[PDB]
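2 protein chains.
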Amino acid sequence: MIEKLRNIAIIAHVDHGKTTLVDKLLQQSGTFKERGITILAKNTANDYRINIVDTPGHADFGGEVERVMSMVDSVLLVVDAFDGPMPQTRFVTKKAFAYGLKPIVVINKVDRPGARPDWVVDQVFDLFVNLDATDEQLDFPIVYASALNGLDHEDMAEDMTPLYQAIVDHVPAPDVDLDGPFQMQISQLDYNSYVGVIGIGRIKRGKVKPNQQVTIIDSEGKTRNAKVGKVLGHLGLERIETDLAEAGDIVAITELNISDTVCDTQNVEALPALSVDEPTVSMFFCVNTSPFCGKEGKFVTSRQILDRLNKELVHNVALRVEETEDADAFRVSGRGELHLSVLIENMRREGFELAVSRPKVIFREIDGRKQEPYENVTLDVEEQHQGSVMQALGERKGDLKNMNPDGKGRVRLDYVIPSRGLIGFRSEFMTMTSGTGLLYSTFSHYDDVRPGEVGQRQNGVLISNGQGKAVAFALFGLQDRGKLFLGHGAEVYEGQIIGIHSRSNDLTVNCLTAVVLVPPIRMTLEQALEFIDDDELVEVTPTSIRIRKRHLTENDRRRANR
Amino acid sequence: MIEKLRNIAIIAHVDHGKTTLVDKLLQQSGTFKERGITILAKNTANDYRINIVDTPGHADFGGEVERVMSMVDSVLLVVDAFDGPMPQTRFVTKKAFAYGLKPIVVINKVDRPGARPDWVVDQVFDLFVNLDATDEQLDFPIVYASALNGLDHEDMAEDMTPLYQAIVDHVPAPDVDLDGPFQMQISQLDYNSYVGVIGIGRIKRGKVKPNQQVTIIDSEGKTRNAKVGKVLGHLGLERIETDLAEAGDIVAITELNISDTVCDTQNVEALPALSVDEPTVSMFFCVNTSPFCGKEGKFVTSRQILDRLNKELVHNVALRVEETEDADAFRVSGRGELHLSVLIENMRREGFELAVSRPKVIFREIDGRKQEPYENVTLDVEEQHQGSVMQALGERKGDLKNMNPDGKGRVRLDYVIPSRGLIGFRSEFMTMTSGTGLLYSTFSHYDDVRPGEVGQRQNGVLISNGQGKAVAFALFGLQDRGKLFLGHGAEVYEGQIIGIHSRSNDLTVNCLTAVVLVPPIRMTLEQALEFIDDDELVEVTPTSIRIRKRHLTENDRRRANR
Ligand SMILES: Nc1nc2c(ncn2[C@@H]2O[C@H](COP(=O)(O)OP(=O)(O)O)[C@@H](OP(=O)(O)OP(=O)(O)O)[C@H]2O)c(=O)[nH]1
Ligand SMILES: Nc1nc2c(ncn2[C@@H]2O[C@H](COP(=O)(O)OP(=O)(O)O)[C@@H](OP(=O)(O)OP(=O)(O)O)[C@H]2O)c(=O)[nH]1
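Chains as they are written, first to last, in PDB author numbering: chain A, 1 to 32, 50 to 62, 66 to 169, 173 to 277, 281 to 539, 554 to 602; chain A', 1 to 32, 50 to 62, 66 to 169, 173 to 277, 281 to 539, 554 to 602. A prime marks a further copy of an entry chain.
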């Protein structure tokens with residue numbers, strides 16, 4: 001059972017000719050476009069299973085495939101005999117060397133009259149070498165292939184059985200331990216409207232029963248298990264129990283994640299592996315409980331938000347979601363802020379109403395000291411805006427690297443700064459430069475702490491105390507103590523922010539009780569996200585953005601004290 | 001002599017009150050705004069010298085100050101008693117902790133009626149702590165200060184002698200070796216119209232005589248020495264010989283560089299230290315020997331180019347220049363390509379005529395394997411231009427990190443690629459996207475090799491064979507075999523490129539002998569630089585850009601064979 005299994009992954013390009021093979025290969029199945054993940058070719062002339073996971077030619081985002089070939093121990097790279105190798109395979113293959121197994125080349129479309137076998141074999145070598153190995157040698161691989169089912176190999180018997188061999192000879196079964204505690208890391212992931220969350224992966228240690236307690240790793244939660252199932256033909260069928268080394272799937276746990287892990291409960295722990303897919307930012311997703319409880323849009327009862335969040339986790343790799351104590355709340359994490367602000371803005375137009383907390387970083391503990399994540403920052407501002415921007419960032423732990431003046435009168439700057447400290451300067455490096463704040467930046471890596479808090483705002487806010495439209499009567503008078511997000515006539519409610527206060531402390535005012557008034561500010565989504573403190577939320581609807589305190593009345597604000 | 005010296009550096013901000021102190025401090029000098054680098058306060062009630073190097077409040081580019089405080093062992097930070105600490109000192113000071121000595125706080129303007137001594141001392145602590153230390157403690161420092169020459176310290180005798188002490192107590196003399204072979208690394212740098220190149224730095228080992236042979240390090244050259252001089256008052260005066268630990272200056276060697287080194291010739295070698303100021307790119311600067319030998323501009327005879335190159339090396343820190351075998355040629359290196367293309371474009375408008383070779387990288391040998399430099403690349407292109415840009419970079423060793431789609435229909439991409447391989451895609455990622463090729467990128471660090479050559483072009487070129495204007499007679503006929511940088515009527519010469527050829531091989535054609557002609561391409565400076573091969577040069581004048589082969593006639597091209 002253990003030495004039988006052969007875990008591999010297919011790769012093909014615009015020459016749509018994958019299976020094709022598998023389809024015809026099915027010379028076993030139930031003897032008596051398109052999918053999937055995966056397909057068994059359990060065959061003989066031993067009854068060896070052969071799990072075959074499709075590696076997508078379409079590059080998803082944040083690198084899906086890293087996870088795919090972490091399962092398998094070898095690969096199948098199909099190529100056209102007339103065309104030759106192609107650029108869409110370069111992304112996959114270049115990632116199948118460093119990690120990393122024996123490959124198997126498959127020269128298809130030989131049955132074509134327009135075809136070039138000797139030339140393609142030679143064309144492979146030169147583009148295949150540039151990717152090191154550094155073996156091959158064999159690299160065998162170097163088969164014929166005919167979907168339609173001569174010269175070179177063989178030729179030519181049952182253009183099928185010969186291949187079988189190719190896999191079983193050169194691809195080995197995974198070095199994994201049958202016995203001991205159960206252990207598995209979840210490589211792939213998917214979802215269904217009723218069924219819930221789904222697993223998929225190889226099996227590192229032990230075995231699994233349908234009803235069998237387990238524990239989640241990276242954090243602590245240890246929810247139960249219910250139903251389990253494996254793979255046969257183009258289908259996923261149920262199973263009572265199975266051992267090891269099997270690309271078999273699973274349901275009824277948690281939320282669960284890509285690069286997550288879950289083993290037994292005794293004599294185990296833990297599971298590492300990042301590899302470079304870990305998230306860096308956390309924020310909450312809780313349902314809108316404010317005075318527009320399902321007014322402006324359509325989707326509200328936390329049931330469906332979960333679905334909407336889950337369904338993204340199928341083809342969004344760089345994303346993690348987590349369950350909470352209070353069930354109308356979910357912590358959603360990702361590769362960045364604009365990786366999370368995309369999710370939010372997409373849901374607005376679909377017609378959602380909900381609220382999200384402020385982005386705190388993921389200080390992922392890397393070896394002794396509690397490391398946090400940093401970004402390589404690029405600025406292009408005018409020379410008069412340098413002395414300001416140097417000051418504003420030198421206060422957020424702004425270590426400068428290589429400023430480079432560019433003749434013009436315009437100057438370039440290259441900072442590196444902690445993610446935690448880079449929350450807020452997206453508003454200010456625009457407010458300073460006055461439109462000409464050419465700036466966006468990339469993630470670098472995990473570095474030490476600042477340390478201590480650094481990305482905190484000064485100011486308080488001008489808070490309301492009732493429902494109604496803002497008036498000349500109030501707004502022209504309130505706006506002397508700092509600025510405004512709103513203007514003449516706008517339905518507000520108790521617990522909202524209409525604007526900024528000129529000092530650090532906050533205020534509760536009434537807006538209902554020579555104007556001539558100052559327009560308001562354009563606070564967009566991500567600007568609202570970066571803005572809020574550790575006691576404020578961002579109310580988002582399909583129509584406009586409004587910001588609120590977590591507690592509505594002035595006295596409910598005074599309640600928060602421990 | 002050795003335990004006497006005290007090497008320190010001043011720091012002050014908009015409160016222009018440096019010296020001020022020094023000026024009045026001169027209580028020795030020759031007893032019987051502005052400068053400089055540096056000033057001695059050789060005094061007593066031992067005759068201890070005190071070299072004082074000004075650290076500029078103006079941030080230069082590529083970090084000048086790293087080098088400044090590499091000389092000194094402590095610092096003097098002057099501050100206003102009324103105002104307090106300021107943002108321009110944040111850049112300097114934050115770099116005086118990690119490397120790194122005892123500081124000395126100086127509370128000036130106490131004599132002002134508007135002044136706040138107790139408050140400033142307290143204001144220091146909080147902004148001074150955020151920069152770790154992690155001592156202080158003392159941190160003493162904490163003196164009075166009156167230019168005009173009470174409460175707190177002292178007070179108050181000769182508001183001058185007390186200070187002297189402050190330096191001599193807490194600042195130590197440098198741990199350096201009097202004896203053995205001579206050794207020194209050149210921290211600062213400057214130039215004069217006749218005199219030549221100048222040194223400046225501390226003294227690590229040994230001593231120096233005026234006429235005394237020596238050797239340069241990082242490479243091999245071992246040119247002679249002629250004249251040497253030290254510091255007394257606001258002046259640099261000559262000296263017969265001096266030992267160790269002395270911020271003393273020097274002339275008549277080489281070219282010479284910042285972060286360069288030069289020791290004896292026996293029992294020595296070598297000098298390290300980068301620290302992060304090393305260059306990454308090399309290109310040549312040779313005089314224009316082509317058929318516009320001093321036509322369109324004014325400056326040509328290699329004498330003055332050297333001056334122009336040298337004078338930049340005073341306040342351009344991220345730059346290195348080197349001498350050659352053929353004296354009408356100089357290798358100029360820097361922190362990048364656009365750090366070097368700025369120098370070039372500036373010289374054009376001044377009225378220079380010269381030529382430069384193609385940028386090859388600086389594969390600086392970092393530990394065993396010959397490492398080369400890499401860049402964090404950022405792309406913002408439209409979704410239809412992704413599949414192209416992935417192919418074009420996957421061929422230049424384009425390892426993708428974190429692609430991030432942004433809802434719109436526009437997509438973001440974050441590559442990392444070897445500098446060597448990123449030469450050329452600045453033309454192509456514009457030629458693909460068709461104006462919308464939002465791209466510039468930052469240096470990352472030194473990584474392994476590709477390896478092997480990767481940033482080489484395919485095509486040959488359409489080369490001329492005589493002087494005259496391009497005609498309908500030729501150009502409409504030549505342009506069938508690839509494209510053109512020029513059009514109807516343009517004075518050319520033998521050995522120039524007018525355009526591209528459709529295959530990899532080159533061609534020699536005549537342009538003098554239904555048109556209707558295709559306009560030409562706009563080949564700018566940096567586009568011309570990235571374009572040329574390892575046997576082509578870029579001719580730059582104050583008027584327009586033209587590109588040529590290194591050898592003029594077709595037969596002179598056939599000459600290059602070994
Ligand atoms: N001559 C030849 N062609 C091959 C071979 N393998 C695949 N093809 C071609 O590929 C197309 C389908 O792509 P495949 O890659 O085979 O589909 P698959 O993902 O399900 O394997 C077919 O085009 P189609 O017929 O237009 O599509 P359909 O009508 O089959 O749907 C078929 O002609 C081969 O060995 N020889
Ligand atoms: N009250 C007071 N002022 C101080 C003190 N130290 C410096 N200053 C002021 O600083 C200005 C000059 O800047 P400094 O920093 O002293 O010049 P420096 O670089 O040569 O030392 C002077 O202004 P100025 O007089 O307008 O310039 P000038 O007429 O002297 O050129 C002077 O009034 C101090 O201890 N007390």
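From the three backbone atoms N, C-alpha and C, an ideal C-beta is built for every residue, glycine too.
Check: Compare the C-beta of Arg361/A' against all C-beta atoms of chain A and say whether one is closer than 7 Å.; Outcome: yes
Check: Got a sec? Which residues, its chain only, sit under 7 Å from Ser166/A by beta carbon, not counting five neighbours each side?; Outcome: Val130, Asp131 and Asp182
Check: Which two residues bound the contiguous alpha helix (DSSP H) that contains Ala568/A'?; Outcome: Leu565 to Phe571
Check: With ligand 2 as the reference, list in chain order each residue whose Cβ lies under 7 Å from any of its heavy atoms.; Outcome: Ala12/A', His16/A', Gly17/A', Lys18/A', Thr19/A', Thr20/A', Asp23/A', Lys50/A', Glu51/A', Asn128/A', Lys129/A', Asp131/A', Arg132/A', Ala165/A', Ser166/A', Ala167/A' and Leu168/A'
Check: Classify residue 607/A' as helix, strand or coil using the three-state DSSP reduction.; Outcome: Nothing about residue 607/A' can be read from this structure; chain A' reaches only from 1 to 602.
Check: Using 7 Å as the threshold, is the C-beta distance between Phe311/A and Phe356/A below it?; Outcome: yes
Check: Are the C-beta of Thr468/A and some C-beta of chain A' separated by less than 7 Å?; Outcome: yes
Check: Under a Cβ-count criterion, where at least 16 other Cβ atoms within 10 Å of its own Cβ denotes burial, should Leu512/A' be classed as buried or exposed?; Outcome: buried
Check: Below 7 Å between beta carbons: does that hold for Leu297/A' and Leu201/A'?; Outcome: no
Check: On the three-state DSSP scale, how would you describe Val140/A?; Outcome: helix
Check: Counting along the chain, where does the beta strand (DSSP E) carrying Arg588/A' start and finish?; Outcome: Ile585 to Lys589
Check: Using a threshold of 7 Å, state whether the C-beta atoms of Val274/A' and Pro385/A' are closer than that.; Outcome: no
Check: Under a three-way DSSP split, which group does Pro185/A fall into?; Outcome: helix
Check: Since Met309/A is in the alpha helix (DSSP H), which residue starts that stretch and which ends it?; Outcome: Per DSSP, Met309/A belongs to no alpha helix (DSSP H); it is in the beta strand (DSSP E), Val307 to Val313.
Check: Determine, using beta carbons only, whether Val368/A comes closer than 7 Å to chain A'.; Outcome: yes
Check: Is the CB-CB distance between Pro431/A and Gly360/A below 7 Å?; Outcome: no
Check: By the criterion of Cβ-Cβ separation under 7 Å, what are the contact partners of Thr404/A' in chain A?; Outcome: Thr468
Check: Starting from the N-terminal side, write out each stretch of the alpha helix (DSSP H) that is 4 residues or longer and does not extend beyond the region 76-114 of chain A'.; Outcome: 85-91 and 109-113
Check: Which residues, in order along the region 405-418 of chain A, keep a beta-carbon less than 7 Å from a beta-carbon of chain A'?; Outcome: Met416 and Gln417
Check: Let me see if you follow: with CB-CB separation under 7 Å, is residue 279/A close to chain A' or not?; Outcome: Here chain A breaks off after 277 and picks up again at 281, leaving residue 279/A without coordinates.
Check: Assuming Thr462/A and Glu408/A make a contact with CB atoms under 8 Å, what is their CB distance in whole Å?; Outcome: 6 Å
Check: Taking the alpha-carbon of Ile263/A as reference, which of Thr459/A, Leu504/A, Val231/A and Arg395/A has the nearest alpha-carbon?; Outcome: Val231/A
Check: According to DSSP, is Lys232/A' helix, strand or coil?; Outcome: coil
Check: Check whether the Cβ atoms of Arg69/A and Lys59/A sit closer than 7 Å, and answer yes or no.; Outcome: yes
Check: Which one of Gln522/A', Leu158/A', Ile524/A' and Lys227/A' has the shortest CA to CA distance from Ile209/A'?; Outcome: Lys227/A'
Check: Since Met207/A and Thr287/A are thought to touch, with beta carbons under 8 Å apart, how far apart are those beta carbons, to the nearest angstrom?; Outcome: 7 Å
Check: Below 8 Å, can you find three or more Cβ-Cβ pairs linking the region 465-472 of chain A' to the region 418-433 of chain A'?; Outcome: no
Check: Can you give the beta carbon distance from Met456/A' to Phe111/A, rounded, assuming they're within the 8 Å contact cut?; Outcome: The pair is not a contact, with the Cβ atoms about 23 Å apart (cut-off 8 Å).
Check: With the cut-off set at 7 Å, would you say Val475/A and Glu398/A are in Cβ contact?; Outcome: yes
Check: Measuring only the C-alpha atoms, how far is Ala116/A' from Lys122/A'?; Outcome: 9 Å
Check: How is the alpha helix (DSSP H) around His341/A delimited, first residue to last?; Outcome: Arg329 to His341
Check: Just to check my reading of the structure: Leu380/A' and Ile331/A' have Cβ atoms closer than 8 Å, yes? What is that Cβ distance to the nearest angstrom?; Outcome: 6 Å
Check: Might you give, ordered along the chain, the residues of its own chain that have their beta carbon closer than 6 Å to the beta carbon of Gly494/A', omitting 5 neighbours on each side?; Outcome: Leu538
Check: With DSSP run on the structure shown, which of helix, strand or coil describes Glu376/A?; Outcome: helix
Check: For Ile370/A', name the three-state secondary structure that DSSP assigns.; Outcome: helix
Check: Taking the C-alpha atoms as reference points, what is the distance between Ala62/A' and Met106/A'?; Outcome: 35 Å
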